[PDB]
Every structure is written in C-alpha cells, then in structure tokens.
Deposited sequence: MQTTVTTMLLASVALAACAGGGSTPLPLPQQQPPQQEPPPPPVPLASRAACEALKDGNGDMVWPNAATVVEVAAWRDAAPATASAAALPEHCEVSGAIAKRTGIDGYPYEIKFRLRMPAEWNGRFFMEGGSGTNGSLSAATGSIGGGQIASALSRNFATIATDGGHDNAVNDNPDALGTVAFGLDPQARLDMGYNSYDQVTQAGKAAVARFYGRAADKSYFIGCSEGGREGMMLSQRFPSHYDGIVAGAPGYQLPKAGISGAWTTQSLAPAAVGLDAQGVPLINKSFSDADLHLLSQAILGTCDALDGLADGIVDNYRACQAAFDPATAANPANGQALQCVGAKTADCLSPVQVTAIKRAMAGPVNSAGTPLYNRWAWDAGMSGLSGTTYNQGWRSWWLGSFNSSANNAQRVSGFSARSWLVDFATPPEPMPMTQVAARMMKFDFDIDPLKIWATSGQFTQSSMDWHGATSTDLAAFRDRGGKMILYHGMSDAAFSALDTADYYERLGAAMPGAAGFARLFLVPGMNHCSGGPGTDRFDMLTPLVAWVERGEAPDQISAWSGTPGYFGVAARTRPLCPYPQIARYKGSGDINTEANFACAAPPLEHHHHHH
C-alpha cells in the first residue's frame, strides 16, 4: 500500500493487487462536494474510479469489456453499495447509487461507497446492425455469461478491493439494490454469490427473463385478431387492439368487481387474490350502467367487443404449448392496466404488449421492441439475428412447441443455455440466510414486463423450501403499480432505510411506507399507504382520511 494518507486525494490517485489481473483503471479523480439539483441530492467530496475488466475481442469480432465506475466518499459510513442494471444493460450510469422507488437521494449522498457496471457490453460499441442493434452482445458466448452473472461478480470484487485499499479496511456491510433486470441481478447474487452482499433489494425481478419473449409472442398472437390496420411489413397493428378509453373501461370494470374486496372503495385493489378469483371480463358488468362489459351488439364507447375480450383473456392467461403446459405464468387483473390523471391516460401498462395507440407502426416492447429483439439474439440458442423489420413477423410466427425450447438449449460455442446464465430460479438461500443476509422483494401488480404473480410463486416456493423464510426474505406487492414505477398506486418508497435496519439491527420490515407519485389518479393531492409483507394486504381502520397511511394496517385478507 502507498505510504499516503487514507481516504484522500493521494490515496485516490494512487489507485490508477486487483482481484482480476486484467483490471485497467482509466480514471482516478478527486471530486469536490456537489450541490443538490432538481433531480439529485447533494454529493459529498469523494474519489471517482472508473475502468474496465477483461478487455477482449468476441467471436463476433467486436470488442468487449466489463466497465465499472466507483465512488468513495472522503467521509464514509463504512458501507458498500452496488446499484443494479436495467433493460439489456450496456450503459454505465453516474454510479452514485440509485435506490429506485422514485427516490431523489442516492446512496452516495448518504455517504455509502457506490459502484455500477455496464454488464460486459457497451451500447455505443456493441451495436451491430446485422444482429438487431444493442442486443448484439448475444452473438458472443462470454458476453452472455458476463451479462448473466460474471460482470457483477468481477465488479463487486474490484470495488471491495479498492475500498479496502482506499479506506484501509473492508466495508462493515454491503448492500445491493436493483429493479427489473437489476432485480434479477439481486436474486442471482443471493443464489450464486451469497457472501457478496448482506442486504439485497430486488424490485420487479426478471428472474426468468428468457421466458419473457415467449410471453411476448403469446400476447402478440393473442391480441392480433383484435388489431385494426397493418404496419409497413403487413403485420397487424397490435397497438390498435385497444384504445386508451377501451383500457380505462377494462380497468373500471376491474374496480367494479375488485375494489371493495379489501373492504374499502378507493380505486385500489389491495385484495389481489380475491380479484383473480372474481374477475372475468366476459361476464363482468360495466359498473356505470349495469350492462355487460362485453358488447352485445356493435361496438360502443361503453363496451368491449367479444374479440377484444377473448384477446385480452388469452394474453393474460399466459403461454402454453400444444399440450396445454404453461411456459411462463399468468398475469393479474389490476386497475393499473390503465388510469386517468386529468386528461392523461396511463401508458405504463400498455406500452409492453400493445404499444402506443397513436402510431401507424408497432412499437410495443414485446412485438417489435427490445424485448422481442433480446429474446432472438440473447436468449435463443443459437442466436437468431435478422433485420429489425422482421421482428414483429417473427413473433407472429413463433411456434410454442419448438421456439420455447431454445432457452434451454446449447449449441456450438454457446456452452450454457440462457436459462443457465440468466435465470435465477434457485430457492437454496441457506448460505445467504445463515450468514445474516436479508432480502426485500417488491413488485407492482400492474407490471406487464414480469408477472407479479410469478414473483409471488417464487416466494411461495422459497417459504416451502425454507421454513421461517420471513425471518430473512419478504415480498412487498404494490397494487396499481406498473414496471418499477408509475400507475394508480403508491409507487414511491425508500427501500434502503428498512434494508439497513433489517441487516444491522435485525428489525424486519412489518410494513414499508409508500406514497403515490401521481396522486391525481385518485383525484387527490397525496396518498400514502403501507406496503405489506406477503401475503398480507393493507386494511383500512374504518374511519379517517383514506389517503393517510396512519389509518391503515397490514393484515391477512378478509
């Protein structure tokens, strides 16, 4: 170690004995304290380190490396923090330690040491026009492994080595927070690298991500009979299957059936299990006029066509093969499929399977967007690159007896299947639990990227494999919330404070305070509610402002 003062500009610049011999530091710079902005809390004086691990050339001829950026405050609380990724990764964030939940404060603003990665590929460099753009890292077997698990492992090791050198000691505790692809990363770490992090938050976790494109092919083919018009490739316009007003009508019928099943009519379906048992859009009534939601004759603004009802029922049921065997899971009916704030309709559910209505092209993530592209090049083995203009047609032609098997296959130099390197389905968390690890899962009920019911099923399997699982892992479902944020629900919350309390003081979260980022969905200026540990739900105490968390408690469903 250099004979310089610890936690100083001198110790920072001297960083330019890494666990990986192929670690290259490109930046080691002292940063003055930065003021708060409209979108970020103030950042303390810190050392910023950025670089890359394992620079190489892939079998596709493209360059690959695992980029990292690390920030270590001069005034340090002894804690290490890694933020998770999003989408197909490929970008390197500011690495101030995002905590999600719509929060403005970063972990660095709370004096954590913070680190981020791009996952082993770079969207500016690994952009191959013959392999569907920024998903093209899937052409290289090692880049897939880096994306699945190896990049986060290498970056955790490098960050902890820099921390030990810069501060003269290891972190007292290590924390990981991620949502979406970052939630998958958190679950992966608990299963594959249980000693890396003491506390993990995994929001809307894509722990079976290679199956998402199977669902996407299914919802695309399910909605196609309800489409009106064709795109430039002659493929039905899935975005035209439901107008925004049509989706709002569906959400209002769900509320009519399900809102009060928790005891309180408030625009929120807290009793999601009772809703799934009760709601059927083919039999549900339109609560406003008592007429059936499904049109008895021609289409009006107050009913849904039988073709629409058949289509959305089939999409929500989930994909099956020719024998009727489920290939993913089903989806929960919930009011956050729509939502109206002023004159603005909620787009956060429909953008995934349908796309924007006001378009002459398909733009749903699951039809022609990045999710369909990622399945073809990243999760199917061998990869299936093709023109971008053929993706929607490929989803339309998807064969549920043949194509779903490709996420379990190996081929040539692809020696692991995508479920092998990307899936995180293990319930063997004994090592994580026994060393004191704590995990908070959360998931929005109206998430159209990954099914909240599928996360619930993992949590049930976890409890069955390990009695007393609530002592170290708890799941917080969020009614009305879309993917990681948004929707008619209480989608904003501070996950880091209860995580630290659980890890360091043994205080399990019996509830987590949340508030709505768009309270106009309920016609109010603010709404706060408790998030409740599965299988509990929020229960109104019977009197007082229904928009105040103090008038609610967590309880078993009625």
In sequence order, name the stretches of the deposited sequence that have no C-alpha in these coordinates. 1-39, 56-61, 604-611
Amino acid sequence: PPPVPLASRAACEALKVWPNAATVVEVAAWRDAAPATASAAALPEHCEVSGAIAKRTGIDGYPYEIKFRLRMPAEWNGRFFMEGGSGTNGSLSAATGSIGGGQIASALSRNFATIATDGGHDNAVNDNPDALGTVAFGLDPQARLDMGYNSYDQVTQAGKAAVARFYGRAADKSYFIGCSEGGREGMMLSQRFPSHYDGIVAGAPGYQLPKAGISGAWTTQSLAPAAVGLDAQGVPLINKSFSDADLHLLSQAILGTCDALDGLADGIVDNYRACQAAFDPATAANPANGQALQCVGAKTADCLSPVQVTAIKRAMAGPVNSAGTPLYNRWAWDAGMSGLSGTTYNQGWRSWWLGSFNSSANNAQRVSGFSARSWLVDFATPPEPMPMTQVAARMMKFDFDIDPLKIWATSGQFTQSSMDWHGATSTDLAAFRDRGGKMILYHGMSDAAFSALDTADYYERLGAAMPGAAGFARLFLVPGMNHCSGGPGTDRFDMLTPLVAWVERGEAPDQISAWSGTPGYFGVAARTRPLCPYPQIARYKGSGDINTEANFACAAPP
From here on, numbers count along this sequence of modelled residues.
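Take the two forms, find the largest set of C-alpha atoms that superpose within 1.5 Å, and that set is the rigid core.
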Once the rigid core is matched, which of the two stretches, 32-40 or 518-526, lies farther off on average in 8 other deposited structures of this protein by C-alpha? 32-40
C-alpha RMS from this form in 8 other deposited structures of this protein, rigid core superposed: larger for 285-293 or 141-149? 285-293
Mean Cα B-factor check, 54-62 vs 508-516, entry values; winner is 54-62
Compare the mean C-alpha B-factor of 90-98 with that of 386-394 as given in the PDB entry, and name the stretch with the higher value. 386-394
Looking at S151, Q208, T427, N346, which one carries the largest C-alpha B-factor according to the PDB entry? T427
Check the PDB entry and point out which of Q413, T219, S446, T156 has the largest C-alpha temperature factor. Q413
In terms of the CA temperature factor given in the entry, to which third of its chain does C532 belong: lowest, middle or highest? middle
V500: CA B-factor among chain residues, third -> lowest
Using the B-factor values recorded in the entry, state whether the Cα atom of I104 falls in the lowest, middle or highest third among the modelled residues of its chain. highest
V307 CA temperature factor, ranked by third within the chain: middle
Looking at the temperature factor on the CA atom of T37, which third of the chain's modelled residues does it land in? middle
